[PDB]
Amino acid sequence: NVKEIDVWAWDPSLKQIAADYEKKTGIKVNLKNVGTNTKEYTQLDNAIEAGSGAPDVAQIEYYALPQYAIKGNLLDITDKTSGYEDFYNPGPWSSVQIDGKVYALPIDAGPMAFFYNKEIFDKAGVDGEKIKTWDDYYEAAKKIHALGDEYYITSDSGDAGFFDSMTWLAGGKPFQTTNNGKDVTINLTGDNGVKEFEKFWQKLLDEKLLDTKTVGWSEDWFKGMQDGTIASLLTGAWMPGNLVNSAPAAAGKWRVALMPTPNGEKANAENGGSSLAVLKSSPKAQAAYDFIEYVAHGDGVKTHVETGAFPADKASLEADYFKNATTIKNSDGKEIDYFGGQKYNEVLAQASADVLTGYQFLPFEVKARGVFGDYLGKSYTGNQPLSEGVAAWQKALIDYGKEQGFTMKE
Ligand SMILES: OC[C@H]1O[C@@H](OC[C@H]2O[C@@H](O)[C@H](O)[C@@H](O)[C@H]2O)[C@H](O)[C@@H](O)[C@H]1O
């Protein structure tokens, strides 16, 4: 009797894929973007608490899945997924499993890449294809800002996910969980990758080379990408779909290169990457699962790549529509040549191959990333050393873990 489901998600391809699902099945998909990352999670937490108003399906990033799964908020879908290890790439598949059970299906992955506005870089005297090391990026940042006081190599108003990703990139692993999830060590204040990232970003902050006012996912963020005042992004491989749909005016001016690394070594991290989960509260579990399967495993997979997301599955990596992609279909189906003809998935596939293994999320990343700004904000809007904020963040996370029943060590 189910003729409609409710979905919360911000991935820009989901509107098209949901419309395609409606055409195929006759099931109405009531899709809402209720906020990006932590803004969505606040709303999901509120609906979970209230016992009412949750969607049947939500977009939940890999880093957030442990907290939701451990608390019993996601439906165990293990019995639907027999052959899925063979379908999905290993990182995404590992990330949807908590304590032996599958709680979501991967929909995209976020190996990082350096997206840059070639027009702005060239005008500033920077070769965006020659940014191999973090020092190269620092030197580029000075040249970009020399264009004028409003021009910055990128923006960072104080984002936890970026901090965590750059720690990973630099070889760090400040979070460890063992013993079926009961024993957690946090050593942000000692981890060498954290230290290396802090030293790098602290210099750019100190020299006022970053836009610390613009908040990610706001309109001014996309305006900056259009007008050149946010000249580049060190971010996940999902960015193309967002550039195409939300920064269309700069189409043709941007390019993709591999992430710069601390010393030019081959290394990468992931930033973001998402799954779709059925909420445990859903009275429409079968229809919710059927929708997720279409998006994440069936014909939605190809649509997702063609509309600018990076795949979570093995076959897409070998598919012609991935490897030989140049133009990206926007939300209206029009082919947009955002990267000026670049075979951008040649770079993104290499970016994925370069990701360092072994990194782990905390079992409470929704909490951890939600409070990052409480401890670190003054490092981005003020003079507080990053290292001081990180120490205060670690103490808060240890205390929270203990209060929630984890055995916490440093
Ligand atoms: O296409 C949208 C993608 O959105 C990503 O989520 C946003 C991203 O924001 C960053 O500022 C942050 O550092 C990072 O941790 C993420 O929260 C999703 O991760 C991605 O899968 C796409 O849906």
# chains A, B, ... in the order shown; residues from 1 in each chain; ligands from 1
$ closest_atom_pairs --of "chain A" --to "ligand 1" --cutoff "7 Å" --atoms "only C-alpha atoms and all ligand atoms" --output "tab-separated table"
residue	atom	partner	partner_atom_place_in_ligand_line	distance
A:10	CA	ligand 1	23 (O)	6.2
A:11	CA	ligand 1	23 (O)	4.1
A:12	CA	ligand 1	1 (O)	5.6
A:36	CA	ligand 1	7 (C)	6.1
A:37	CA	ligand 1	17 (O)	4.8
A:61	CA	ligand 1	19 (O)	5.5
A:108	CA	ligand 1	21 (O)	5.7
A:109	CA	ligand 1	21 (O)	6.1
A:110	CA	ligand 1	21 (O)	6.3
A:159	CA	ligand 1	13 (O)	5.9
A:160	CA	ligand 1	13 (O)	6.4
A:161	CA	ligand 1	13 (O)	3.6
A:162	CA	ligand 1	13 (O)	4.2
A:216	CA	ligand 1	11 (O)	5.6
A:238	CA	ligand 1	1 (O)	5.1
A:239	CA	ligand 1	1 (O)	6.0
A:241	CA	ligand 1	1 (O)	6.3
A:242	CA	ligand 1	1 (O)	5.8
A:271	CA	ligand 1	15 (O)	5.1
A:272	CA	ligand 1	19 (O)	3.0
A:273	CA	ligand 1	21 (O)	3.2
A:274	CA	ligand 1	21 (O)	4.0
A:309	CA	ligand 1	1 (O)	6.8
$ residues_around --residues "range 219-229 of chain A" --least-positions-apart "2" --cutoff "8 Å" --atoms "only C-alpha atoms" --output "ChimeraX atom specification"
/A:117,120,150-155,214-217,231-232,243,246-250
$ closest_atom_pairs --of "range 248-366 of chain A" --to "range 183-203 of chain A" --cutoff "10 Å" --atoms "only C-alpha atoms" --output "tab-separated table"
residue	atom	partner	partner_atom	distance
A:262	CA	A:196	CA	7.6
A:362	CA	A:184	CA	7.8
A:363	CA	A:184	CA	8.3
$ residues_around --residues "residue 373 in chain A" --least-positions-apart "6" --cutoff "10 Å" --atoms "only C-alpha atoms" --output "count of residues only"
8
$ residues_around --residues "residue 326 in chain A" --least-positions-apart "2" --cutoff "10 Å" --atoms "only C-alpha atoms" --output "JSON, numbers by chain"
{"A": [306, 308, 321, 322, 323, 324, 328, 329, 335, 336, 337, 338, 339, 340, 341, 342, 343, 344, 345, 346]}
$ write_last_selection --atoms "C-alpha atoms" --output "PDB file, in the first residue's frame"
ATOM      1  CA  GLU A 306      27.140  11.294 -15.014  1.00  0.00           C
ATOM      2  CA  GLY A 308      29.162  14.701 -11.195  1.00  0.00           C
ATOM      3  CA  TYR A 321      31.098   6.952 -18.746  1.00  0.00           C
ATOM      4  CA  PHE A 322      33.501   7.385 -15.802  1.00  0.00           C
ATOM      5  CA  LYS A 323      36.967   7.084 -17.329  1.00  0.00           C
ATOM      6  CA  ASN A 324      36.230   9.199 -20.410  1.00  0.00           C
ATOM      7  CA  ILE A 328      28.849  16.762 -16.480  1.00  0.00           C
ATOM      8  CA  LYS A 329      25.052  16.762 -16.648  1.00  0.00           C
ATOM      9  CA  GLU A 335      25.960  18.776 -20.474  1.00  0.00           C
ATOM     10  CA  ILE A 336      28.234  21.356 -18.816  1.00  0.00           C
ATOM     11  CA  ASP A 337      31.932  21.481 -19.726  1.00  0.00           C
ATOM     12  CA  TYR A 338      32.977  22.683 -16.303  1.00  0.00           C
ATOM     13  CA  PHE A 339      36.672  21.766 -16.521  1.00  0.00           C
ATOM     14  CA  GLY A 340      37.350  23.024 -20.048  1.00  0.00           C
ATOM     15  CA  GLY A 341      37.498  19.580 -21.607  1.00  0.00           C
ATOM     16  CA  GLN A 342      39.594  17.920 -18.906  1.00  0.00           C
ATOM     17  CA  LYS A 343      39.260  14.150 -18.477  1.00  0.00           C
ATOM     18  CA  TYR A 344      38.725  14.910 -14.818  1.00  0.00           C
ATOM     19  CA  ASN A 345      38.188  11.297 -13.748  1.00  0.00           C
ATOM     20  CA  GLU A 346      41.728  10.444 -14.802  1.00  0.00           C
TER      21      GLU A 346
END
$ select_by_dssp --residues "range 10-218 of chain A" --states "alpha helix (DSSP H)" --output "NGL selection string"
:A and (14-25 or 38-50 or 65-70 or 84-87 or 90-95 or 118-124 or 134-145 or 160-169 or 192-206)
$ closest_residue --among "A:146, A:169, A:113, A:77" --to "residue 237 in chain A" --atoms "only C-alpha atoms"
A:113
$ closest_residue --among "A:313, A:156, A:270, A:127" --to "residue 297 in chain A" --atoms "only C-alpha atoms"
A:313
$ atom_distance --atom1 "CA of residue 78 in chain A" --atom2 "CA of residue 97 in chain A"
8.8 Å
$ closest_residue --among "A:17, A:27, A:251, A:58" --to "residue 41 in chain A" --atoms "only C-alpha atoms"
A:58
$ select_by_dssp --residues "range 203-364 of chain A" --states "strand (DSSP E or B)" --output "list in words"
residues 211, 230, 232, 233, 234, 235, 236, 254, 255, 256, 257, 261, 268, 270, 274, 275, 276, 277, 278, 279, 313, 328, 329, 335, 336 and 355 of chain A
$ closest_residue --among "A:390, A:398, A:14, A:317" --to "residue 353 in chain A" --atoms "only C-alpha atoms"
A:317
$ decode --residues "range 105-155 of chain A" --atoms "N, CA and C atoms" --output "PDB file, in the first residue's frame"
ATOM      1  N   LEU A 105      23.751   1.853   2.455  1.00  0.00           N
ATOM      2  CA  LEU A 105      24.423   1.549   1.198  1.00  0.00           C
ATOM      3  C   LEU A 105      25.248   2.736   0.739  1.00  0.00           C
ATOM      4  N   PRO A 106      26.507   2.515   0.362  1.00  0.00           N
ATOM      5  CA  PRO A 106      27.324   3.597  -0.196  1.00  0.00           C
ATOM      6  C   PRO A 106      26.678   4.228  -1.412  1.00  0.00           C
ATOM      7  N   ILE A 107      26.771   5.559  -1.518  1.00  0.00           N
ATOM      8  CA  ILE A 107      26.347   6.236  -2.738  1.00  0.00           C
ATOM      9  C   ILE A 107      27.434   7.027  -3.450  1.00  0.00           C
ATOM     10  N   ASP A 108      28.546   7.350  -2.804  1.00  0.00           N
ATOM     11  CA  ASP A 108      29.625   8.098  -3.444  1.00  0.00           C
ATOM     12  C   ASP A 108      30.834   8.035  -2.522  1.00  0.00           C
ATOM     13  N   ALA A 109      31.984   8.439  -3.058  1.00  0.00           N
ATOM     14  CA  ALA A 109      33.200   8.468  -2.268  1.00  0.00           C
ATOM     15  C   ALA A 109      33.900   9.802  -2.463  1.00  0.00           C
ATOM     16  N   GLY A 110      34.696  10.178  -1.471  1.00  0.00           N
ATOM     17  CA  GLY A 110      35.322  11.476  -1.464  1.00  0.00           C
ATOM     18  C   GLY A 110      36.838  11.527  -1.407  1.00  0.00           C
ATOM     19  N   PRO A 111      37.554  10.742  -2.197  1.00  0.00           N
ATOM     20  CA  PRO A 111      39.001  10.977  -2.269  1.00  0.00           C
ATOM     21  C   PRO A 111      39.242  12.444  -2.611  1.00  0.00           C
ATOM     22  N   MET A 112      40.227  13.049  -1.966  1.00  0.00           N
ATOM     23  CA  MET A 112      40.415  14.485  -2.141  1.00  0.00           C
ATOM     24  C   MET A 112      41.158  14.817  -3.428  1.00  0.00           C
ATOM     25  N   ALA A 113      40.927  16.039  -3.899  1.00  0.00           N
ATOM     26  CA  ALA A 113      41.612  16.584  -5.057  1.00  0.00           C
ATOM     27  C   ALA A 113      41.667  18.093  -4.889  1.00  0.00           C
ATOM     28  N   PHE A 114      42.566  18.703  -5.650  1.00  0.00           N
ATOM     29  CA  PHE A 114      42.780  20.147  -5.689  1.00  0.00           C
ATOM     30  C   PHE A 114      42.034  20.700  -6.896  1.00  0.00           C
ATOM     31  N   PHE A 115      40.880  21.292  -6.643  1.00  0.00           N
ATOM     32  CA  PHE A 115      40.101  21.961  -7.668  1.00  0.00           C
ATOM     33  C   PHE A 115      40.498  23.424  -7.675  1.00  0.00           C
ATOM     34  N   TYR A 116      40.826  23.964  -8.845  1.00  0.00           N
ATOM     35  CA  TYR A 116      41.298  25.338  -8.881  1.00  0.00           C
ATOM     36  C   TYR A 116      40.745  26.089 -10.081  1.00  0.00           C
ATOM     37  N   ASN A 117      40.589  27.387  -9.889  1.00  0.00           N
ATOM     38  CA  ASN A 117      40.190  28.306 -10.943  1.00  0.00           C
ATOM     39  C   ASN A 117      41.455  28.696 -11.694  1.00  0.00           C
ATOM     40  N   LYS A 118      41.644  28.084 -12.863  1.00  0.00           N
ATOM     41  CA  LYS A 118      42.827  28.338 -13.672  1.00  0.00           C
ATOM     42  C   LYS A 118      42.927  29.806 -14.065  1.00  0.00           C
ATOM     43  N   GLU A 119      41.791  30.465 -14.303  1.00  0.00           N
ATOM     44  CA  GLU A 119      41.849  31.860 -14.726  1.00  0.00           C
ATOM     45  C   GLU A 119      42.473  32.717 -13.633  1.00  0.00           C
ATOM     46  N   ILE A 120      42.063  32.488 -12.389  1.00  0.00           N
ATOM     47  CA  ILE A 120      42.597  33.247 -11.266  1.00  0.00           C
ATOM     48  C   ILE A 120      44.042  32.858 -10.986  1.00  0.00           C
ATOM     49  N   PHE A 121      44.347  31.565 -11.005  1.00  0.00           N
ATOM     50  CA  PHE A 121      45.714  31.134 -10.753  1.00  0.00           C
ATOM     51  C   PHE A 121      46.667  31.703 -11.795  1.00  0.00           C
ATOM     52  N   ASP A 122      46.326  31.562 -13.070  1.00  0.00           N
ATOM     53  CA  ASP A 122      47.184  32.104 -14.121  1.00  0.00           C
ATOM     54  C   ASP A 122      47.370  33.607 -13.958  1.00  0.00           C
ATOM     55  N   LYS A 123      46.284  34.328 -13.690  1.00  0.00           N
ATOM     56  CA  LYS A 123      46.379  35.774 -13.512  1.00  0.00           C
ATOM     57  C   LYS A 123      47.274  36.151 -12.335  1.00  0.00           C
ATOM     58  N   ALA A 124      47.282  35.342 -11.278  1.00  0.00           N
ATOM     59  CA  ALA A 124      48.124  35.587 -10.109  1.00  0.00           C
ATOM     60  C   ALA A 124      49.565  35.146 -10.316  1.00  0.00           C
ATOM     61  N   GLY A 125      49.858  34.460 -11.413  1.00  0.00           N
ATOM     62  CA  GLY A 125      51.206  34.008 -11.670  1.00  0.00           C
ATOM     63  C   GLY A 125      51.512  32.667 -11.057  1.00  0.00           C
ATOM     64  N   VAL A 126      50.493  31.829 -10.854  1.00  0.00           N
ATOM     65  CA  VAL A 126      50.635  30.514 -10.244  1.00  0.00           C
ATOM     66  C   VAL A 126      50.229  29.455 -11.261  1.00  0.00           C
ATOM     67  N   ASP A 127      51.060  28.433 -11.406  1.00  0.00           N
ATOM     68  CA  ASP A 127      50.722  27.277 -12.229  1.00  0.00           C
ATOM     69  C   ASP A 127      50.027  26.260 -11.332  1.00  0.00           C
ATOM     70  N   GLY A 128      48.706  26.148 -11.473  1.00  0.00           N
ATOM     71  CA  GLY A 128      47.937  25.234 -10.638  1.00  0.00           C
ATOM     72  C   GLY A 128      48.298  23.781 -10.827  1.00  0.00           C
ATOM     73  N   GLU A 129      49.032  23.453 -11.888  1.00  0.00           N
ATOM     74  CA  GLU A 129      49.497  22.093 -12.116  1.00  0.00           C
ATOM     75  C   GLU A 129      50.829  21.818 -11.439  1.00  0.00           C
ATOM     76  N   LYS A 130      51.423  22.819 -10.781  1.00  0.00           N
ATOM     77  CA  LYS A 130      52.731  22.677 -10.148  1.00  0.00           C
ATOM     78  C   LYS A 130      52.656  22.829  -8.636  1.00  0.00           C
ATOM     79  N   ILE A 131      51.500  22.539  -8.042  1.00  0.00           N
ATOM     80  CA  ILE A 131      51.306  22.662  -6.602  1.00  0.00           C
ATOM     81  C   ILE A 131      51.444  21.273  -6.009  1.00  0.00           C
ATOM     82  N   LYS A 132      52.686  20.840  -5.817  1.00  0.00           N
ATOM     83  CA  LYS A 132      52.939  19.479  -5.372  1.00  0.00           C
ATOM     84  C   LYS A 132      53.043  19.356  -3.865  1.00  0.00           C
ATOM     85  N   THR A 133      53.565  20.372  -3.175  1.00  0.00           N
ATOM     86  CA  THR A 133      53.788  20.294  -1.748  1.00  0.00           C
ATOM     87  C   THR A 133      52.964  21.345  -1.023  1.00  0.00           C
ATOM     88  N   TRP A 134      52.833  21.156   0.282  1.00  0.00           N
ATOM     89  CA  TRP A 134      52.165  22.158   1.088  1.00  0.00           C
ATOM     90  C   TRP A 134      52.892  23.498   1.020  1.00  0.00           C
ATOM     91  N   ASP A 135      54.225  23.500   0.936  1.00  0.00           N
ATOM     92  CA  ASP A 135      54.926  24.769   0.756  1.00  0.00           C
ATOM     93  C   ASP A 135      54.543  25.427  -0.562  1.00  0.00           C
ATOM     94  N   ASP A 136      54.399  24.636  -1.626  1.00  0.00           N
ATOM     95  CA  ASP A 136      53.955  25.208  -2.891  1.00  0.00           C
ATOM     96  C   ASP A 136      52.593  25.866  -2.722  1.00  0.00           C
ATOM     97  N   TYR A 137      51.705  25.233  -1.956  1.00  0.00           N
ATOM     98  CA  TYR A 137      50.382  25.806  -1.735  1.00  0.00           C
ATOM     99  C   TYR A 137      50.466  27.106  -0.949  1.00  0.00           C
ATOM    100  N   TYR A 138      51.296  27.138   0.092  1.00  0.00           N
ATOM    101  CA  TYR A 138      51.515  28.376   0.836  1.00  0.00           C
ATOM    102  C   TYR A 138      52.025  29.498  -0.072  1.00  0.00           C
ATOM    103  N   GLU A 139      53.018  29.204  -0.908  1.00  0.00           N
ATOM    104  CA  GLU A 139      53.530  30.230  -1.808  1.00  0.00           C
ATOM    105  C   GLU A 139      52.445  30.685  -2.772  1.00  0.00           C
ATOM    106  N   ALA A 140      51.645  29.742  -3.279  1.00  0.00           N
ATOM    107  CA  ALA A 140      50.528  30.105  -4.145  1.00  0.00           C
ATOM    108  C   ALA A 140      49.549  30.994  -3.407  1.00  0.00           C
ATOM    109  N   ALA A 141      49.307  30.698  -2.131  1.00  0.00           N
ATOM    110  CA  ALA A 141      48.329  31.473  -1.372  1.00  0.00           C
ATOM    111  C   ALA A 141      48.736  32.937  -1.278  1.00  0.00           C
ATOM    112  N   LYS A 142      50.035  33.206  -1.135  1.00  0.00           N
ATOM    113  CA  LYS A 142      50.491  34.593  -1.113  1.00  0.00           C
ATOM    114  C   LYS A 142      50.257  35.272  -2.455  1.00  0.00           C
ATOM    115  N   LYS A 143      50.480  34.552  -3.558  1.00  0.00           N
ATOM    116  CA  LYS A 143      50.286  35.157  -4.872  1.00  0.00           C
ATOM    117  C   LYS A 143      48.813  35.414  -5.162  1.00  0.00           C
ATOM    118  N   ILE A 144      47.931  34.500  -4.755  1.00  0.00           N
ATOM    119  CA  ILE A 144      46.506  34.729  -4.968  1.00  0.00           C
ATOM    120  C   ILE A 144      46.060  35.973  -4.211  1.00  0.00           C
ATOM    121  N   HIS A 145      46.460  36.080  -2.949  1.00  0.00           N
ATOM    122  CA  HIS A 145      45.988  37.195  -2.150  1.00  0.00           C
ATOM    123  C   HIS A 145      46.582  38.510  -2.616  1.00  0.00           C
ATOM    124  N   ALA A 146      47.718  38.466  -3.314  1.00  0.00           N
ATOM    125  CA  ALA A 146      48.284  39.682  -3.879  1.00  0.00           C
ATOM    126  C   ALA A 146      47.391  40.292  -4.951  1.00  0.00           C
ATOM    127  N   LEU A 147      46.437  39.536  -5.499  1.00  0.00           N
ATOM    128  CA  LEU A 147      45.538  40.108  -6.498  1.00  0.00           C
ATOM    129  C   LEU A 147      44.692  41.226  -5.912  1.00  0.00           C
ATOM    130  N   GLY A 148      44.429  41.173  -4.620  1.00  0.00           N
ATOM    131  CA  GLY A 148      43.587  42.147  -3.956  1.00  0.00           C
ATOM    132  C   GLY A 148      43.106  41.609  -2.632  1.00  0.00           C
ATOM    133  N   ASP A 149      42.747  42.536  -1.745  1.00  0.00           N
ATOM    134  CA  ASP A 149      42.437  42.150  -0.373  1.00  0.00           C
ATOM    135  C   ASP A 149      41.252  41.204  -0.271  1.00  0.00           C
ATOM    136  N   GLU A 150      40.395  41.140  -1.292  1.00  0.00           N
ATOM    137  CA  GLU A 150      39.227  40.266  -1.264  1.00  0.00           C
ATOM    138  C   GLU A 150      39.491  38.879  -1.855  1.00  0.00           C
ATOM    139  N   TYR A 151      40.693  38.619  -2.367  1.00  0.00           N
ATOM    140  CA  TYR A 151      40.994  37.380  -3.084  1.00  0.00           C
ATOM    141  C   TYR A 151      41.785  36.432  -2.195  1.00  0.00           C
ATOM    142  N   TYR A 152      41.319  35.190  -2.106  1.00  0.00           N
ATOM    143  CA  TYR A 152      41.945  34.191  -1.256  1.00  0.00           C
ATOM    144  C   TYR A 152      42.039  32.874  -2.002  1.00  0.00           C
ATOM    145  N   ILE A 153      43.099  32.127  -1.696  1.00  0.00           N
ATOM    146  CA  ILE A 153      43.306  30.849  -2.362  1.00  0.00           C
ATOM    147  C   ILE A 153      42.145  29.905  -2.072  1.00  0.00           C
ATOM    148  N   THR A 154      41.587  29.970  -0.865  1.00  0.00           N
ATOM    149  CA  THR A 154      40.403  29.197  -0.510  1.00  0.00           C
ATOM    150  C   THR A 154      39.792  29.809   0.741  1.00  0.00           C
ATOM    151  N   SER A 155      38.668  29.229   1.176  1.00  0.00           N
ATOM    152  CA  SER A 155      38.022  29.621   2.416  1.00  0.00           C
ATOM    153  C   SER A 155      38.051  28.464   3.408  1.00  0.00           C
TER     154      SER A 155
END
